[PDB]
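Computed over heavy atoms, backbone and side chain alike; hydrogens, waters and symmetry mates excluded. Just so it is clear: chains get the letters A, B, ... in the order the sequence lines come, proteins before strands, and each one is counted from 1.
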Amino acid sequence: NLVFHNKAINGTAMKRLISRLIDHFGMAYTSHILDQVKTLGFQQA
Amino acid sequence: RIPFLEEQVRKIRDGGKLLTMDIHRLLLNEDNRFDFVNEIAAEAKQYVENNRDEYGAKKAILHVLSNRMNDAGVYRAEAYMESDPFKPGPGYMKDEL
Amino acid sequence: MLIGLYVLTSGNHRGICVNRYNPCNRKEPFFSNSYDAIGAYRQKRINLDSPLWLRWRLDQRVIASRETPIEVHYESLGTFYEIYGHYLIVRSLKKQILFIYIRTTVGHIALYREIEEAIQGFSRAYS
Amino acid sequence: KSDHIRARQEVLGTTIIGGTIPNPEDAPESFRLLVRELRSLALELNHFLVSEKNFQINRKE
Amino acid sequence: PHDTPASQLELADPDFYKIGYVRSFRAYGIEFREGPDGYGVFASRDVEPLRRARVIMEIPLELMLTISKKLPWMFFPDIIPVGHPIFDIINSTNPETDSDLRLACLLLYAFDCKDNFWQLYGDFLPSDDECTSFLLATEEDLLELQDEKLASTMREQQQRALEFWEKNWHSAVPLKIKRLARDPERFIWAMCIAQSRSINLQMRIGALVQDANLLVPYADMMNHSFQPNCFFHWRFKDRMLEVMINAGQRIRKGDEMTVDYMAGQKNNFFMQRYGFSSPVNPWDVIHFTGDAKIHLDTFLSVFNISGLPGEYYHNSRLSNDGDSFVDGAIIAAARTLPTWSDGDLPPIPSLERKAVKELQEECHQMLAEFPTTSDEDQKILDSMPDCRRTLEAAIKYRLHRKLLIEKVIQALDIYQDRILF
Amino acid sequence: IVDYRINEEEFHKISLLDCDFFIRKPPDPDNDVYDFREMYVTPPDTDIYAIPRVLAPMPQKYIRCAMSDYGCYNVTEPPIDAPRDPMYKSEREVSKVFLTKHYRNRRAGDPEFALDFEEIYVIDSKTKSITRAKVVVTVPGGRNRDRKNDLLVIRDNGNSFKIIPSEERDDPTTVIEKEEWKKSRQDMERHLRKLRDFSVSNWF
Amino acid sequence: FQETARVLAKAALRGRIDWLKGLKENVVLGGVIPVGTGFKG
Amino acid sequence: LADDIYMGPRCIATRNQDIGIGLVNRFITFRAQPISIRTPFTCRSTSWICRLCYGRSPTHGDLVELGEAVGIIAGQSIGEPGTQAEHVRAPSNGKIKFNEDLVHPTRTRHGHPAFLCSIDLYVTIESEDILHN
DNA sequence: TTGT
DNA sequence: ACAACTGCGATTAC
RNA sequence: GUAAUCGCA
């Protein structure tokens, strides 16, 4: 269960999302989520 | 079941993130992580003292973690050690970028 | 990575930038699955910022402003269409939500799908 | 890894054989140097660990 | 197809597992099978003796109903908003004696509270007919109990429930309270569910460590046994209740997972709270006023009982199969039988024979006191295949007590026989 | 305040954001018959009844109506203080309820079933009032127009009601682009007005 | 840490006894620091 | 927390409980009165502290486990970050119209002449199509 | 030097 | 009288 | 093994 965002994502929004993911799923899932996000970000850049 | 999640799970298993998941699962059942570290160290020391020649390419700490995971109902390879079936031949090593 | 994410989730030209004349005198693509939209983007059928409609399976997790429907179409038979800013919610006389279509771009659905698939792949690899 | 001559000598043997490396109990050469220096300065320094079991003082040299 | 205790029953609905699953409840290695008595938990995998416990159930805290034991009533599954008069009803209760009332009120409000797991879970809960508690019992059942003390206590508990319902749920009460229990039968059923499915465990959430009474879903579907295979452990980091198999025990496919309620209580408390009785209860007490005293050491020797008086078990290793007469019944007998131990003095056969004959006479007297026999009770039981669960529980309690007395007589006879070898 | 607690089993309970509306229901097979003679408004989840503001002539006879809801979804971000604490909270937040009388009080299962878009009753939670909507019939035919081809367009936060033919409708993309273009034009003119050359200029 | 000779002379004349309940004390002595894994519980 | 917080008969949070963002939001919503919390100040020792006096660990989000050295951590967490007249303008081109009798003449600090204002005044920028105040 |  | 960033690497001069 | 001097980040 994750929200769907239709607005611009910035550094503060990313930090908030990472904190909420650490709170909900824990650091273990957040590590893989962050790796996938980094891969997608590099690809799109 | 997502249709296009084969390669992701394959890479998660091959890379070694299973070890991190198992460490988190075993730390979710312990009050103080320092005592858990000391217990794992003592168990690995006992394993090494029991069979010296057994280890050297297989890690006793990974063996302890795999035994603890297998005793909990989760199947894990012995000491999290896997071999590449697609290796070309002897003396050929993969280059991990 | 921040630049890539910002380009993904930035949005699209909405007002005078997308159209030269007022549409009063007178978006198009409809995708049932996110996989179809991502495949169409890979095949260069639709651009990164090109708007589209995506059908959702009764979740209503899209964050948006507390804004009433801009226009509501009610037919004789009982089915009323509620047009919102970023989504369309068709319902019937029985107050039953028949269909929900989200209006977004490939970037937002790509980010959502990659996060969801990371979580699901972690959960599957655990077993 | 730094200063303990005996332990360091034993580390290579234990690694080549494969046995577990015991925890060093003796003071490093840096501490021993200090003691020697301070005692050249006419100042003493003794470890003097006390056993909780039998209440005995044991000097570590 | 090997015959197993799970095979005789039928599998449960897929939905029962599913509602928990979408809410993070997880089950590993177990299957839920429904039957005439009710839902039960069975194994679906062969488990060899393990060094440490294995978690079969992980039950989150957000699906549970928990009330603290002490005076500050803290609802960690906080479904009751502030200012609601249901808290005024809950707080207007004695802290020590009456705890089922607050759990019943909380369960009723959870049934009323929207988007709650208990709203869906109540459908699988046993109905008024399926419930075996003696609160939902007629006077005929209490009379058939043939025990005046237990019948009086159950009647007093029913009276307390009715009085509490009549006091708190008056006409002037707001509609939000009235819709909870419009009829007193609903409140009695809520109290029955609270009493028959309550767990008393110590839980730690955040920095606070407290003891509380909790209603945990999917953990009340495990039956009772005096040799348990699992226990209710608590995990504070994930804030989940976990059921773990006992370490060093071998579980085979088809076995029934069981947990122990009230370890060390007589059948009276079981029949009072859960409406259940067991013939092999090792803690049953039979009041014998005879001056005679049997020898405890020779009794435990001839019946191969080893351990301290606080922990008795049959050493089947010395038993070498054969004797299966030994069970919890003889343990409860040795516990309740009058015994004498004077250093290392050896027992006298004539005195012990007089003692066992006096005990057999007293046991025959006590058995004649009940206006029924084991065969009559068994015939009445088999004669009624479908009937009230309370009457069946009553006749089963009678039959279990009669069988316990008969087995005490038989054990005394076997002792008298084997002492002379 | 009426000071007597009514039996809500014989009433239609309509929930709003800040109010609850009760309308008496005559015995009927399908719960679509409304009696507007007796009606009450209550605070959210409160048993203290009151009399609503009748701001329009209400029907004094039994009529068959269809209920609808108008509002906006409030998707918030609740603070996470637990491991499995929810990531989001979604609320419907109904604001206005529309009651559309069935044509000739016909049942839904009848072979000929149509909604009478000329008799609309709205309920507002903010004002605690029920009134009759003002529609603007623009479909040719006057009062003899067939009801099988009608479309009720509701705009301006439930304040504009228009009856137009079904074929003469705009797709959601069209109205979304229209509103976006209008807002963008207004904002762009507001931004460019401050420039010292806005007077001698041309919007192209 | 700042005035080594002064505090050394003062402790020498007094005869102070230090119980190694601190981190740098075990660091200088070259032993297990009573922090984390070094804290016996 | 070191003392229970009561809003009427109900207790929002008891003693020895770890405050969280939800608890703070509930407190600011219910307008709680001064709250008693634990702190390294109220500890009973100066050589060491306890888990409850310190509180939640900054690393993971639970009570500090026994053996953790919070002293060093605080020093590093303090040292590492140690490295780091409104002017009204005309909205459009136009004439200015205002009543000069209400304003008092004065001399600005820039040597220019100006009108001092001490009471709410309305000035109108008269443009081709609109008026601004 | 700069300040302690 | 006392102290004023952390380390690394290169050279030449004793 | 110590100094001097420069560079590095």
To the nearest Å, how far apart are G/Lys10 NZ and J/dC2 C1'?
->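 To the nearest whole Å, that distance equals 14 Å.
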What closest approach, in Å, do C/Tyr112 and A/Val3 show between heavy atoms, and which atom pair accounts for it?
->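 Distance-wise, the nearest heavy atoms are CD1-O, 3.5 Å.
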Looking only at non-hydrogen atoms, find the nearest pair between G/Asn26 and G/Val32 and report the distance.
->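 Here G/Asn26 and G/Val32 meet closest at ND2-O, 3.6 Å.
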Pick the [atom1] atom in [N] and in [M], then give their distance to the nearest Å.
N	M	atom1	result
K/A9	J/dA1	P	39 Å
K/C8	J/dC2	P	34 Å
J/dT6	K/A4	P	16 Å

Identified stems (criterion: three or more consecutive Watson-Crick or G-U pairs, under 3.5 Å), RNA chain K =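 RNA chain K forms these stems: J:7-14 with K:1-8.
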Determine whether more than 12 heavy atoms belonging to other residues, nucleotides or ligands lie under 6.0 Å from atom CZ of D/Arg6.
->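 Atom CZ in D/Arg6 is packed in, count exceeds 12.
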Indicate the ring-plane relationship of H/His112 and H/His110, choosing parallel, tilted or perpendicular according to the 30° and 60° boundaries.
->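 The rings of H/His112 and H/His110 stand perpendicular, inter-plane angle above 60°.
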Out of B/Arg76, B/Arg68, B/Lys17, which one pairs with B/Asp22 under the salt bridge (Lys or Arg N to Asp or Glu O under 4.0 Å) rule?
->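 For B/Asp22, the salt bridge (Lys or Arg N to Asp or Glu O under 4.0 Å) test succeeds with only one of B/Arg76, B/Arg68, B/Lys17, which is B/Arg76.
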Can you check nucleotides 3-6 of chain J for protein contacts, nitrogen or oxygen pairs under 3.5 Å, and list what you find?
from	atom 1	to	atom 2	distance (Å)
J/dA3	OP1	G/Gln2	O	2.9

Going by an N to O cut-off under 4.0 Å, is there a salt bridge joining B/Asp84 and B/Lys94?
->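 B/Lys94 and B/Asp84: salt-bridged.
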Cut-off 3.5 Å, side chains only: do D/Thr20 and B/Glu49 have a donor facing an acceptor?
->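 A pair is found: one side chain offers a donor N or O, the other an acceptor, under 3.5 Å apart.
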When you look at D/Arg59 and D/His47, which way does the side-chain contact (heavy atoms from CB on, under 4.5 Å) test go after all the steps?
-> CA-CA 6 Å; D/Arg59 179 184 296 182; D/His47 188 4; 6.0 Å; no
